[PDB]
DNA sequence: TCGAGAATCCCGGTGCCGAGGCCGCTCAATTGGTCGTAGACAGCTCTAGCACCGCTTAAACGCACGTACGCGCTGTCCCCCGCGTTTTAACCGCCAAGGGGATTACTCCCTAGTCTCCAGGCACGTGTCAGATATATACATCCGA
DNA sequence: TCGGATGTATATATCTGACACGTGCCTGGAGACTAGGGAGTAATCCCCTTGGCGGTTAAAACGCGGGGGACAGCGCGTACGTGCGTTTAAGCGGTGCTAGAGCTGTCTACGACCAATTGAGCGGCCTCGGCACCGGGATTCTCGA
């Protein structure tokens with residue numbers, strides 16, 4: 001459940017940059033400094049497939065709605081739809097050469113949203129080379145992180161000034177917009193926008209090293225220009241601990257976040273959100289990437305090619321090996337007795 | 001590679017801070033603290049700036065007197081370093097608590 | 001517009017400079033949250049009394065004279081504000 | 001881990017002086033009335049407190065690092081405690097004696113209160129030099145060999 | 001002990017905006033007059049403070065032995081200063097604006113004040129029982145084995 005101890009690693013491929021699990025969590029693609037298409041198996045802990053693609057560090061990767069098509073983003077604006085059968089290029093044209101995010105629509109692998117570094121997020125079709133630019137109010141930030149929701153309804157576009165702007169995936173409907181300040185001095189640079197797997201409880205990373213949990217249902221309840229309070233504020237207590245990456249569990253129940261300083265990582269929940277365990281590590285290691293598995297407590301931790309994995313909370317006991325053995329906790333004195341001395345044709349292939 | 005021995009810079013700090021007379025706390029965080037703990041007894045209050053200055057003066061003088069008596073206690077216990085039990089002893093003997 | 005913090009806004013080196021004006025050579029590490037607690041416990045009483053004067057006077061702003069009278073009741077009298 | 005034994009802790013009989021209660025009575029608190037005014041309240045103005053914004057840099061913050069001291073340990077030594085024996089004055093009951101402090105009656109002169117008058121203090125409008133601030137520069141001191 | 005490396009007073013030049021100084025003018029202080037009531041002052045008495053005399057004993061004073069606290073030297077490894085380089089939010093300007101403090105005008109309900117009774121609280125006098133006090137026996141913590 002919550003993974004605890006060392007568990008080793010699979011450091012078979014160096015220079016690792018990013019990592020992504022498929023729709024079922026069961027595959028893995030790692031673009032590296034050269035940006036190859038490297039695939040693994042998980043129960044074997046073995047390599048499935050290696051395909052060389054380019055020379056550049058391929059930053060953004062995403063699977064498909066069936067878990068069978070892919071997408072890439074190197075330094076040279078190479079934004080094609082890719083495949084898991086052959087993996088071949090389809091589209092390539094000009095973008096600004098730092099590229100942050102591409103993102104399929106979660107109900108259509110035609111609609112894709114390209115987010116450059118210092119440009120507006122641009123929504124592309126994958127039927128052809130069409131592109132739709134979403135509106136920006138500020139045009140002074142030029143840093144408006146955007147994302148589809150889990151379903152496919154809206155796009156949540158938030159600037160570097162803490163201002164929320166919600167757009168509809170085809171008609172840019174501002175059904176909700178707000179701004180957040182806490183311990184009120186000023187607003188905060190929005191670090192990231194997140195989404196869970198079960199429902200709409202989500203969170204926002206902010207540059208005050210404080211993580212605030214939200215829910216789109218009450219956001220739509222207030223609609224535009226309400227005051228949505230956070231469900232839960234998450235932060236570090238003793239120190240600053242600036243953050244590089246945060247993630248949910250495989251349903252959005254645990255929330256484990258990766259620091260950018262120490263290689264010693266912190267685990268929370270959603271409902272309680274308690275710091276249940278500090279997963280430590282070597283101090284002389286730079287954490288670079290974190291990934292989580294849905295039905296297994298996998299922590300894919302890229303630290304400069306070193307991809308180390310901590311996966312536990314399964315502690316073996318008896319009464320499964322020997323069910324006669326009844327493991328008492330303390331001394332159980334008792335007497336078990338108050339006096340110490342049909343032809344159902346059951347289907348065997350019922351699928 | 002020139003480094004002083006420990007304590008000398010502390011002594012010249014003591015000299016020049018006992019020489020000078022000014023405020024020692026930035027005014028905006030103290031002001032926000034005052035408004036914060038003022039919020040609870042009544043909402044929507046306003047402040048002349050002179051009142052905030054007066055609060056800053058009185059609190060700073062009180063803390064300085066507390067540190068002087070604490071330092072006397074720590075010297076009596078044959079140490080150089082100050083401990084929170086010495087602070088507790090000073091507030092015990094003074095009769096505030 | 002709701003404030004909820006800046007008790008931590010009192011920095012660490014400010015308390016160091018107050019100790020230096022106090023005549024202190026060597027400080028432990030455990031002193032700081034003790035000192036913040038002592039400071040807040042001090043301020044609460046004066047704020048209660050100044051609010052009580054203002055509420056009796058039927059106004060909304062807080063003047064300096066109210067602070068002066070609230071200090072005057074404590075035995076700690078301040079000169080220089082009227 | 002044990003018995004001897006020296007303070008303690010209920011239990012019971014005696015008696016006694018101080019709460020408690022009762023009574024008898026003067027003074028003050030209540031009723032009923034008027035009347036002059038502090039303040040209750042409405043209305044107008046205008047000024048500081050708040051809000052926002054842009055630019056800067058002083059100031060906070062993290063991090064090694066190297067060192068010095070707060071605490072523990074161990075030996076010492078002597079002086080403050082527990083006890084016995086002897087003096088002495090605190091105490092208690094008692095006696096006498098006399099100064100001073102409540103006490104009332106009786107003038108009286110000293111301050112509240114009124115009215116008239118008129119100038120010392122106060123808001124306002126000036127100028128201008130004491131000190132802030134910048135700049136070079138002897139020199140006093142501290143750590144290391 | 002000397003030698004360099006410093007932070008530190010020390011001399012000088014320039015602006016400037018608080019401080020010192022004239023100005024009109026008024027509202028509050030001075031000058032006379034009047035009462036009536038607070039307070040000064042002369043008896044006075046009786047009580048409560050001072051002073052003294054024997055008894056007795058319980059407590060203070062004085063030795064004595066000793067063993068447990070004060071205390072001083074050593075040893076460590078721990079926590080906290082010093083210096084440097086890297087972020088950020090205090091601070092300093094400019095603008096708006098507006099609730100709210102502050103001054104003015106009007107009246108009226110509400111406390112000051114003056115006889116008048118009456119009952120309610122205050123001084124005086126019993127008394128009888130809760131507690132003082134003493135004997136006596138059960139209990140129990142301490143300290144050498």
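Values in this text are rule-based calculations from the coordinates and carry no lab data. When we count neighbours, we look across all protein chains shown, and the Cβ atoms used for this are built from the backbone with ideal geometry, even at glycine.
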Check your understanding: Would it be correct to say that residue A:47 is in contact with a strand residue (DSSP E or B) (Cβ under 6 Å, 6 or more places away or on another chain), surrounded by fewer than 17 Cβ atoms within 10 Å (Cβ to Cβ) and assigned to a strand (DSSP E or B)?
Key -> yes
Check your understanding: If you take the residues of the stretch C:52-68 that are facing another protein chain (nearest Cβ under 9 Å) and away from DNA strand E (no atom under 13 Å from the Cβ), which of them is surrounded by the most Cβ atoms within 10 Å (Cβ to Cβ)?
Key -> C:67
Point to revise | For residue B:78: the one exception among (1) at the interface with chain C (Cβ under 7 Å from one of its Cβ atoms); (2) part of a loop (DSSP other than H, G, I, E, B) | key: (1)
Revision key, fill the gap. Screening B:33, B:45 for residues that are away from DNA strand D (no atom under 11 Å from the Cβ), under 18 Å from residue C:6 (Cβ atoms) and within 9 Å of chain C (Cβ to nearest Cβ) leaves only B:33
Review point. For residue B:13, are the conditions met, namely being in a helix (DSSP H, G or I) and within 12 Å of DNA strand E (Cβ to nearest atom)?
Key: yes
**Study point:** Tally, over the stretch C:15-41, of residues that are more than 13 Å from residue B:59 (Cα to Cα) and within 7 Å of chain B (Cβ to nearest Cβ)
**Key:** 14
Revision key, fill the gap. Per the filter on the stretch B:20-30, residues within 8 Å of DNA strand E (Cβ to nearest atom) and assigned to a helix (DSSP H, G or I) are B:27, B:28, B:29
**Study point:** helices (runs of 4 or more DSSP H) (entirely within chain C) containing at least 3 residues that are away from DNA strand D (no atom under 16 Å from the Cβ)
**Key:** C:31-57, C:64-74
**Study point:** Residue in the stretch A:211-223 that is in a loop (DSSP other than H, G, I, E, B) and buried (at least 18 other Cβ atoms within 10 Å of the Cβ) present
**Key:** no
Practice item. Scan the stretch B:9-30 for residues that are facing chain C (nearest Cβ under 8 Å) and either within 14 Å of the chain's Cα centre (by Cα) or surrounded by 12 or more Cβ atoms within 10 Å (Cβ to Cβ) (or both) and report the count. Key: 10
Exercise for review: Report, by residue number, each residue of the stretch A:225-271 that is surrounded by 15 or more Cβ atoms within 10 Å (Cβ to Cβ), in a loop (DSSP other than H, G, I, E, B) and more than 16 Å from DNA strand D (Cβ to nearest atom).
Suggested key: A:228, A:230, A:231, A:249, A:250, A:252, A:253, A:270
